[PDB]
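Chains as they are written, first to last, in PDB author numbering: chain C, 1 to 436; chain B, 1 to 429.
What follows is one structure encoded as structure tokens, with my remarks underneath.
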Amino acid sequence: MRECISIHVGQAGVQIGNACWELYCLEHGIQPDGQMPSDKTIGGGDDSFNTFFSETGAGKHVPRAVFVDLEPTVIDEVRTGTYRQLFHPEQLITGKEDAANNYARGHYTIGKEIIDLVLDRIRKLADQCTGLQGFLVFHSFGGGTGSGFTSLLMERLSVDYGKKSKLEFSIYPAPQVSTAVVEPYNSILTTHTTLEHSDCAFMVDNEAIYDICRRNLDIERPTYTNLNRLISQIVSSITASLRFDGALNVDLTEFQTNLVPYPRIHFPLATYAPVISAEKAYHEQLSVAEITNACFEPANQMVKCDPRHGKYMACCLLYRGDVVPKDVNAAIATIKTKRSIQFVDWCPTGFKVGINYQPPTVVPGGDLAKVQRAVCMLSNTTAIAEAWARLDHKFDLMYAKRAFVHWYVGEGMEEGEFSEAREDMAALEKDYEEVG
Amino acid sequence: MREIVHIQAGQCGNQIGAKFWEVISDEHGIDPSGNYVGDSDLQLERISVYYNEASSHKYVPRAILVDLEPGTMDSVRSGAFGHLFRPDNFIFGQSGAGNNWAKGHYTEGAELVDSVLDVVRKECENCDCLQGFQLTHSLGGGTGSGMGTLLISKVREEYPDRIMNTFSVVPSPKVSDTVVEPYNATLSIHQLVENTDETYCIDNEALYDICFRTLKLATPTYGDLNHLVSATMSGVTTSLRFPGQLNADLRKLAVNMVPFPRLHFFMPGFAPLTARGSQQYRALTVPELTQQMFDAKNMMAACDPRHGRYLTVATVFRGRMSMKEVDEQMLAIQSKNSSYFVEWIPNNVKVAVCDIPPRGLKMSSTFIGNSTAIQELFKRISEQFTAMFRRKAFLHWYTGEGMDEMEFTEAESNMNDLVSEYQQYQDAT
Ligand SMILES: COc1ccc(C[C@@H]2NC(=O)/C=C\C[C@@H]([C@H](C)[C@H]3O[C@@H]3c3ccccc3)OC(=O)[C@H](CC(C)C)OC(=O)[C@H](C)CNC2=O)cc1Cl
Ligand SMILES: Nc1nc2c(ncn2[C@@H]2O[C@H](COP(=O)(O)OP(=O)(O)OP(=O)(O)O)[C@@H](O)[C@H]2O)c(=O)[nH]1
Ligand SMILES: Nc1nc2c(ncn2[C@@H]2O[C@H](COP(=O)(O)OP(=O)(O)O)[C@@H](O)[C@H]2O)c(=O)[nH]1
């Protein structure tokens, strides 16, 4: 009974959106034509499922969300596809020319041209809402129409709705799928003006996710329809508390407050150890305990880092059906082994556990299948310093000789802000190495 | 995506453009009169980049045939694909343009660049989105370095926003009819470098060297050389004609490949070295191909990759072959000799694969590189020109047409500045 807003920026933000929203709709059984067995045929709903859908005179439950993309490719496919019909008509916006791997075009030449139409759509659609907790945004680092449009859009939104929130689900650069090498410049050049408005972010490192899909999903070509299905499952798990119905981690405010140790440092790691091979029939059997028994290993996390070499802040979870909280507290006893766990002196610790009773509903025939149970660790661990450190290393190496600088300099922003942003992230990593 | 304008001038660009267009139109497979010959829709998904619909939903390209020797019209119409070009872009001067600047660079044809600009504008208007310009010519003699560079000046004056690509042809003592070339060369770069975006040093020297040493042709005429060039440039275009992971685009190609706003002298190469043979012959396999990518014989410019560090590396692959193994090979090449890839930029190499095989062979690769190594070509031009200029020669021609000598001196200074800059950028860490 608490609405929200979703948004998808770039061709990477729209792809994730597409691979996720089928999971959302099928999860409730919402087909393009389905009757949604819990309705009233006019606005019937207001359970947690409808907290993201607005119903027309047809009881259509059209998503309160937009897809944004200046270069038209994936969006055109959405238009041909049934998904656009499911979506609110004309909500989506189609562009004409991307910035193409240069933050400034989406921040100083191209993004500003249509950013007003974007925010106009935002306002008009938003005033249809009453109980919005905040913003759920999808983007990543690559170009100015996928990283800069986000920065500008956050600026405008944070101005417009001082009370509201915004959660970030961003995709981290990886050398393995390099479609540029300006990308680290993009990432820094955004995050240096994102913390000031964002309050809670999520980075899913495709590098690690690639490592997952290559090894343990038995797909040997990482197509932008493999990683995306897996990552879309990640999104369904994390959104599960809010999205399905009442449990722990009710609110986005609740996310912040149970993961923020400090307003600046809002980078929570996400964890999802329980996985399956494929539509393959049978491999073994697995219960609720063993899965968190194996949720410790450093190679079962969405971002490469050693959680054993750091301390946590708070750790929520979710579980799917098949309730047995007694064995959950038994797992709590088991995890005292401390061989990969350690906490902070002044702050009280909570392994908050909430339950939801739905087995994992998924796509008909994807690279994954039915299982009985799972659990996802949301640790805002200080260990994420490793990723920022590596990215700084790469950044300094490329910036020692003013690489590509003109490809930004002549595009409407000066050079020196590179240095101040670099020292900004230097302050942030200082804050990590201090905490503890 | 958007639309691009194709420009061909001189003789190499006029004839060489004809053969290139032949190759691409055949592989994309549309009838000479425009009947749909393509056998899969993926062919026609992007073909709007370089072909436009006629009044009856029928492809007509968007290209501009410019020259000043009147004989080019008949020589082009006498090729296989010579008819299909638009019968209004054959703008030709009739008084001949013997290989001397400032007759076309300054004296005449400056009258005609207004006409070519008018026609290119009225052409691009119907282009729903304009993406840039495709200019092919040869850095040799008058036309191809005269009208072409003036046209670059004009288009950069009128269309700053879009990008500009050049396919450049460098003559050399082996196959060189005329004599005044080095003068023309340096005169041309001294405008190119300050008025272009990225380049294609399609060397004749090493390319003849291939045709004569290993490809074993003792009589390489304008037949064979256009063969190789049409193959190479068509391959360069395929990354664009197809969809792909590295869907590199003009602006994107630049920004991924151009480290500093000057040093954009690319070094295209080709791994399956070929004749105009009726047979593909040589089976070529990918582990071998990756090794072949850097082969000195393979390259289309006069340089040693081993003696050079690459500023950026781009690769394109073709055919039905395993994607994973290629990546494995690429990681392997990077590891053995770290120095060949520059320390400044990590992970410079970018790899994509294209579904359709090149028409003729089974599986190959199309190199697009940029090392500091490109400096060897510019050093040969430097040496040759400065030798011919230490004492005067023919200088009355250019001077009496309205040139001077300070322009020559400033051009040579510009050149040696460029080569010094390359040398410096290949010695940092
Ligand atoms: C990072 O490290 C940690 C972080 C958090 C925790 C405990 C963690 N957090 C707090 O900071 C507790 C209290 C203060 C307050 C904060 C400081 C101000 O917003 C408050 C507010 C004001 C008006 C209305 C609603 C809320 O939050 C809350 O009221 C929310 C309840 C709502 C958001 C579901 O919090 C919870 O109780 C929910 C059920 C989740 N959990 C917690 O019990 C432990 C550690 Cl170690
Ligand atoms: N969907 C998707 N995108 C990915 C994946 N891995 C990387 N990407 C990113 O996808 C991005 C492409 O979208 P953008 O970043 O918006 O690209 P752009 O050049 O700014 O603009 P467009 O190409 O028009 O979207 C690149 O930055 C890649 O880094 C993946 O697994 N899925
Ligand atoms: N026609 C032609 N010329 C080439 C080719 N490759 C190199 N060249 C050289 O390019 C120069 C021709 O210059 P050209 O464009 O004819 O000058 P113009 O007389 O002003 O048109 C000569 O030095 C040729 O040796 C090629 O494939 N075709």
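Beta carbons are placed, not taken as given, at the ideal position from N, Cα and C, and that holds for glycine.
- Around C:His107, no beta-carbon contact reaches into chain B at under 7 Å, the shortest distance being about 15 Å.
- With 16 or more other Cβ atoms from the protein chains shown falling within 10 Å of its own Cβ, B:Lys350 counts as buried.
- Under DSSP, the beta-bridge partners assigned to B:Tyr200 are B:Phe266.
- For B:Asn370, the enclosing beta strand (DSSP E) starts and ends at 365-371.
- For B:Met323, the nearest beta carbon of chain C is closer than 8 Å to its own beta carbon.
- By the beta-carbon neighbour count (other beta carbons within 10 angstroms, threshold 16), B:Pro305 is buried.
- For the pair of segments examined, the region 385-392 of chain B was found not to touch the region 340-358 of chain B: the number of CB pairs separated by less than 8 Å stays below three.
- Using a CB distance below 8 Å, the part of the region 125-153 of chain B facing chain C consists of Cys129, ordered along the chain.
- With 16 or more other Cβ atoms from the protein chains shown falling within 10 Å of its own Cβ, C:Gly142 counts as buried.
- At a Cβ-Cβ threshold of 8 Å, B:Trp344 and B:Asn100 do not count as neighbours.
- Taking a 10 Å sphere around the C-beta of C:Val204, we find 16 or more other C-beta atoms and assign the residue as buried.
- For the region 41-72 of chain B, the set of residues with a beta-carbon nearer than 7 Å to any beta-carbon of chain C is empty.
- Along the region 160-223 of chain B, the beta strand (DSSP E) occurs as fully enclosed runs of 3 or more residues at 163-170, 199-203, listed in sequence order.
- Counted as a single uninterrupted DSSP element, the beta strand (DSSP E) harbouring C:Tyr172 occupies residues 167-172.
- C-alpha of C:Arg221 to C-alpha of C:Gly106: approximately 31 Å in a straight line.
- Around the beta carbon of B:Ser56, a 10 Å sphere encloses fewer than 16 other beta carbons of the protein chains shown; the residue is thus reported as exposed.
- DSSP places C:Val323 in no alpha helix (DSSP H); its state is neither H nor E.
- Counting along the chain, C:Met313 sits inside no alpha helix (DSSP H), nor does DSSP assign it H or E at all.
- In this structure, ligand 2 has a non-hydrogen atom nearer than 7 Å to the beta-carbon of C:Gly146.
- The region 367-403 of chain B contains, as complete alpha helix (DSSP H) runs of 4+ residues, the segments 375-390, 395-401 (chain order).
- With a cutoff of 8 Å on beta-carbon distance, B:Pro32 and B:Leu112 are scored as not near each other.
- Annotation: C:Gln342 is outside any beta strand (DSSP E) and is labelled neither H nor E by DSSP.
- Counting C-beta atoms within 10 angstroms of its own C-beta, C:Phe343 has fewer than 16 neighbours from the protein chains shown and is therefore classed as exposed.
- B:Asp67 has its CB nearer than 7 Å to a heavy atom of ligand 3.
- Taking non-hydrogen atoms of ligand 2 into account, the C-beta of C:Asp98 is found less than 7 Å away from one of them.
- Nearest neighbour of B:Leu187 by Cα position, chosen from B:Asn414, B:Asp327, B:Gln424, B:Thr274, turns out to be B:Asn414.
- In the assembly as shown, C:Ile332 is an exposed residue. Its beta-carbon has fewer than 16 other beta-carbons within 10 Å.
- Remark: C-beta atoms of B:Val180 and B:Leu151 do not approach each other more closely than 8 Å.
- Contacts between B:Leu246 and chain C, judged by CB atoms closer than 7 Å, involve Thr179 in chain order.
- For C:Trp346, the closest Cβ of chain B is not nearer than 8 Å.
- Collapsing the DSSP output to three states places C:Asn356 in a strand.
- For the region 66-135 of chain B, the continuous alpha helix (DSSP H) assignments of 4+ residues that do not extend past its boundaries occur at 72-77, 110-125, in sequence order.
- Taking a Cβ-Cβ threshold of 7 Å, the residues of chain C close to B:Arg251 are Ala100, in chain order.
- C:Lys401 has a beta carbon lying within less than 8 Å of a beta carbon in chain B.
- Using a Cβ-Cβ cut-off of 8 Å, C:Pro175 counts as an interface residue toward chain B, since at least one Cβ of chain B sits closer than that to its own.
- Taking 7 Å as the cut-off between beta carbons, the residues of the region 403-435 of chain C near chain B are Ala403, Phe404, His406, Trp407, in sequence order.
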